[PDB]
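Here Cβ is always computed from backbone atoms with ideal geometry, including for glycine, and neighbour counts include all displayed protein chains. All of the numbers you see were taken from the coordinates with simple rules; none came from a lab.
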Amino acid sequence: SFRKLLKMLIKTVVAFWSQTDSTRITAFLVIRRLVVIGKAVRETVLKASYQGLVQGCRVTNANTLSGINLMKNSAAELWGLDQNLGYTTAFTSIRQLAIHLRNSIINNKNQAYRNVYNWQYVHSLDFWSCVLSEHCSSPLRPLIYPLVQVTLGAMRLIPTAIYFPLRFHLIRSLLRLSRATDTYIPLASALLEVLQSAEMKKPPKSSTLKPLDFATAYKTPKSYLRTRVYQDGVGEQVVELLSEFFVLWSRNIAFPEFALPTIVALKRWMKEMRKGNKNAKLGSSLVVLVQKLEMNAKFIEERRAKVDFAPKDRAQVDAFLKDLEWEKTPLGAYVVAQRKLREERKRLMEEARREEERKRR
Amino acid sequence: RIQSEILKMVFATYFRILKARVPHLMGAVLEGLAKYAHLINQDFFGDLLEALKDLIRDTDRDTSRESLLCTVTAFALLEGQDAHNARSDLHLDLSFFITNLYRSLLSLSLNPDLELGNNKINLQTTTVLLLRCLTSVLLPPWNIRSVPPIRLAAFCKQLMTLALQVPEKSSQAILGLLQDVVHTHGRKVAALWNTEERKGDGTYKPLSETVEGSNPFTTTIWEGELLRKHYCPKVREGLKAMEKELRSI
């Protein structure tokens, strides 16, 4: 009676979720009502909505990327309202992700890398990353470690030129988590192997195709193998993610000790490109990023040179730059300039396609 | 006589495999070289050191694995007791290998294949290979209270940087290794954590070509503010053990 009526009601609401924007808002409001009213009913609701979101990311994303994002940040504060039982369900769900990853790694026979690399796993990692990011700043906090574990496992399963975009997307998710929390996630490594790929090292191939959108790609077209367009695209992705990572950690006391390895690695790559590849745009972009890194390292060194770090007292250390904000630094200036340029390019192409559709109509 | 002949055949195979550079034989052949060079003559032992040297050079011009393998073989060979006593009379110097390790720590930090893996040489993991390298250099089994403090400090700071930019299990490995080095040496390195003991006789040079060229006492360890917030709880526990020992020094 009671439980059955509740489960068919939520099944109808999950179908509404599976369905446009007005339905999104109404079904989410109903879900909000359900979770607020609610213990066992609450865990059932969150579980069912969990598989509902799983299916919603199971279907596709070519234009419903908007819908998937909205579904995700709507689903987040359900688990924010639930906490404890939500924490247990997160534990078991990350466990099942981990067991999938592990048994695929064990029996990598046939397409285990395929039943791992999909949209479901990517969007699931994004879902818990954003949930924890929004709701950790408790009991759900000490769960980031397994999430980072499975994410890095997904990174190093099979990092090929075909599978570049997926690790770009999940490094985006990891950077979101790092921005929200105060946890350090080493991703400069992965960005440096993407740099030390053979795809961008070899000279490009002249072709004329459409710049691929890094918001709906889980593979690469067989045409996009040596294409200069794909070369450039992974170029701005590397540049952008490196920028977010280093501006994300652009205020800590130990920046020079944290960046020079990457700085000299990128120097070595720039020499190897100019002793190979011929992409002047990428060369100039990476070089100018190198000068920003040198400048901010000098800045933090100068502002650190007169502070005390005694082993029994870290006072200026625990009050180093609490009154500084992330646009005062040279990376702050560069990254705001880059968000302005990136957004104006986004608008350029978005309108361009809209008037193209209008002309075709 | 039979021993001499069998050494002849075994070491002939060893060096011709080395010149063939068969990638899957390196670990075993280097293990054999390390464990029989003490019975091989002294002049041939020095020839083995310079053969290790120019193999490292050829790798300079996978590659990290080969470099670390030759490095660990060099340390094992010179940490053998007979070669230990032969040292000065035989003119056996490790400075080139020390400089190679110091200049390659950064690439070892930023390369991906670190953790894709009773033996003393043929170890499948570059992490444990680097661990043996650093144990040999920082805590050699002999004359533990004679290690140059400048080398100690430079390796300590570069190891902290590696810890910031290395995968998690390797991170905890070097955290424990630095726990060991601060337990053993202590006062020799404490200036690298105390700022009022910082030397003001120059500026720290990160990209040095030599360990003494890198002036290590002009800078202090600042890596705690990153390692305390590194995502791995085990890394955080290793770090807090580090500062606990530093404070209890």
**OP:** State which residue is surrounded by the fewest Cβ atoms within 10 Å (Cβ to Cβ) when the search covers only region B:221-235 and only residues that are under 23 Å from A:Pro146 (Cα atoms) and facing chain A (nearest Cβ under 7 Å).
**Re:** B:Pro233
**OP:** Select from region A:188-227 the residues that are within 22 Å of the chain's Cα centre (by Cα) and under 17 Å from B:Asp113 (Cβ atoms) and list them in ascending order.
**Re:** A:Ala188, A:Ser189, A:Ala190, A:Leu191, A:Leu192, A:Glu193, A:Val194, A:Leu195, A:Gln196, A:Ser197
**OP:** Go through (1) touching a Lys or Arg at 6+ places or on another chain (Cβ under 9 Å); (2) away from chain B (no Cβ under 14 Å); (3) outside any helix (DSSP H, G or I) and name the single condition A:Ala254 misses.
**Re:** (2)
Original post:
Here are some residues: A:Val288, A:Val234. Which one is aliphatic (A, V, I, L, M), more than 10 Å from chain B (Cβ to nearest Cβ) and surrounded by fewer than 17 Cβ atoms within 10 Å (Cβ to Cβ)?
Top reply: A:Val288
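Taking A:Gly67 as the residue in question, decide whether it is within 29 Å of A:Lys4 (Cβ to Cβ) and surrounded by 15 or more Cβ atoms within 10 Å (Cβ to Cβ).
On the way: within 29 Å of A:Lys4 (Cβ to Cβ): no; surrounded by 15 or more Cβ atoms within 10 Å (Cβ to Cβ): yes.
For A:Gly67, the condition - within 29 Å of A:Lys4 (Cβ to Cβ) and surrounded by 15 or more Cβ atoms within 10 Å (Cβ to Cβ) - is not met.
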Subject >> Out of A:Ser104, A:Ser189, A:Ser124, sole residue that is surrounded by 15 or more Cβ atoms within 10 Å (Cβ to Cβ) and within 14 Å of another protein chain (Cβ to nearest Cβ) >> reply: A:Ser189
Original post:
Among the residues of region B:194-202, is any surrounded by 21 or more Cβ atoms within 10 Å (Cβ to Cβ) and either facing another protein chain (nearest Cβ under 10 Å) or not small (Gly, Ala, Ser) (or both)?
Top reply: no
**OP:** Select from region A:248-276 the residues that are touching a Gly at 6+ places or on another chain (Cβ under 8 Å) and closer than 29 Å to A:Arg228 by Cα and write down the one among them that is surrounded by the fewest Cβ atoms within 10 Å (Cβ to Cβ).
**Re:** A:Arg274
Subject >> Subset of region B:36-54 [touching a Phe, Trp or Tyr at 6+ places or on another chain (Cβ under 8 Å) and surrounded by fewer than 13 Cβ atoms within 10 Å (Cβ to Cβ)] >> reply: none
Original post:
Of the residues A:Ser189, A:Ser178, which single one is small (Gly, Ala, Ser) and more than 21 Å from A:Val234 (Cβ to Cβ)?
Top reply: A:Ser178
Original post:
Looking at region B:204-220, which of the residues that are closer than 18 Å to B:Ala163 by Cα and more than 8 Å from chain A (Cβ to nearest Cβ) is surrounded by the fewest Cβ atoms within 10 Å (Cβ to Cβ)?
Top reply: B:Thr219
Subject >> Residue under evaluation A:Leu212, criteria (1) within 21 Å of A:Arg342 (Cβ to Cβ); (2) not hydroxyl-bearing (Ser, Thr, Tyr); (3) not in a loop (DSSP other than H, G, I, E, B), criterion not met >> reply: (3)
Original post:
If we keep just the residues of region A:192-209 that are in a loop (DSSP other than H, G, I, E, B) and under 22 Å from A:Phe245 (Cβ atoms), which is farthest from the other protein chains (Cβ to nearest Cβ)?
Top reply: A:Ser197
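Pick from A:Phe245, A:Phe214: which is of a type in the set (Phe, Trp, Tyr) and within 14 Å of chain B (Cβ to nearest Cβ)? Let's see the steps before the verdict.
Working: A:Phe214 fails: within 14 Å of chain B (Cβ to nearest Cβ).
Just one listed residue meets the conditions, A:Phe245.
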Original post:
What are the residue pairs meeting all of these: first residue in region B:102-121, first residue farther than 16 Å from B:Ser136 by Cα, second residue loosely packed, with under 15 Cβ neighbours inside 10 Å, Cβ atoms under 8 Å, and 6 or more apart or on different chains?
Top reply: B:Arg103/B:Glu209; B:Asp113/B:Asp62; B:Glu115/B:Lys169; B:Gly117/B:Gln124
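Restrict the check to region A:141-150 and report whether at least one residue is away from chain B (no Cβ under 12 Å) and surrounded by 17 or more Cβ atoms within 10 Å (Cβ to Cβ).
First, the residues of region A:141-150 that are away from chain B (no Cβ under 12 Å): A:150.
When the remaining residues are screened for being surrounded by 17 or more Cβ atoms within 10 Å (Cβ to Cβ), the result is A:150.
Scanning region A:141-150 turns up at least one residue that is away from chain B (no Cβ under 12 Å) and surrounded by 17 or more Cβ atoms within 10 Å (Cβ to Cβ).
When only residues in region A:84-101 that are β-branched (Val, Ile, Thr) and over 25 Å from B:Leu116 (Cβ atoms) count, which is surrounded by the most Cβ atoms within 10 Å (Cβ to Cβ)? Write out each step before concluding.
Here is the first cut: in region A:84-101, the residues β-branched (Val, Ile, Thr) are A:88-89, A:92, A:94, A:99.
Pick out the ones that are also over 25 Å from B:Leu116 (Cβ atoms) and you get A:88-89, A:92.
Details: A:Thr88: 13, A:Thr89: 16, A:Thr92: 10.
Looking at residues that are β-branched (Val, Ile, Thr) and over 25 Å from B:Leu116 (Cβ atoms), I get A:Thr89.
Of the residues B:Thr63, B:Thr59, B:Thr73, which is touching an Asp or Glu at 6+ places or on another chain (Cβ under 6 Å) and under 26 Å from B:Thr125 (Cβ atoms)?
Numbers: B:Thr63 fails: touching an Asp or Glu at 6+ places or on another chain (Cβ under 6 Å); B:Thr73 fails: touching an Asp or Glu at 6+ places or on another chain (Cβ under 6 Å).
Result: B:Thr59 is the single residue among B:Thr63, B:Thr59, B:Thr73 that is touching an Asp or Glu at 6+ places or on another chain (Cβ under 6 Å) and under 26 Å from B:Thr125 (Cβ atoms).
For region B:165-182, how many residues meet the condition of being within 13 Å of chain A (Cβ to nearest Cβ) and either under 26 Å from A:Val307 (Cβ atoms) or of a type in the set (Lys, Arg) (or both)? Lay out the reasoning, then the answer.
At the first step, the residues of region B:165-182 found to be within 13 Å of chain A (Cβ to nearest Cβ) are B:165-172, B:182.
Going one step further and asking which of them are either under 26 Å from A:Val307 (Cβ atoms) or of a type in the set (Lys, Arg) (or both), we end up with B:165, B:169, B:171, B:182.
Adding up the residues that qualify gives 4.
Looking at region B:183-193, which of the residues that are assigned to a helix (DSSP H, G or I) and surrounded by fewer than 22 Cβ atoms within 10 Å (Cβ to Cβ) is farthest from the other protein chains (Cβ to nearest Cβ)?
Our first condition is that a residue be assigned to a helix (DSSP H, G or I); within region B:183-193, this holds for B:183-184, B:186-188, B:190-192.
Add one more test, that the residue is surrounded by fewer than 22 Cβ atoms within 10 Å (Cβ to Cβ), and what stays is B:183-184, B:186-188, B:190-191.
Numbers: B:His183: 15, B:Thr184: 18, B:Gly186: 12, B:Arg187: 13, B:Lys188: 15, B:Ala190: 8, B:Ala191: 11 Å.
Ranking the qualifying residues of region B:183-193, first place goes to B:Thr184.
The rows are residues; the columns are (1) assigned to a helix (DSSP H, G or I); (2) within 14 Å of another protein chain (Cβ to nearest Cβ); (3) under 16 Å from the mean Cα position of the chain (by Cα).
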site	(1), (2), (3)
A:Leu97	yes, no, no
A:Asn110	no, no, no
A:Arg114	yes, no, no
A:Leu170	yes, no, yes
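Only one of B:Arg57, B:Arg132, B:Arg145 is of a type in the set (D, E, K, R), away from every other protein chain (no Cβ under 14 Å) and surrounded by 17 or more Cβ atoms within 10 Å (Cβ to Cβ); which? Walk me through how you get there before you give the answer.
Values: B:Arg57 fails: surrounded by 17 or more Cβ atoms within 10 Å (Cβ to Cβ); B:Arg145 fails: surrounded by 17 or more Cβ atoms within 10 Å (Cβ to Cβ).
So the residue among B:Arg57, B:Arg132, B:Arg145 that is of a type in the set (D, E, K, R), away from every other protein chain (no Cβ under 14 Å) and surrounded by 17 or more Cβ atoms within 10 Å (Cβ to Cβ) is B:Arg132.
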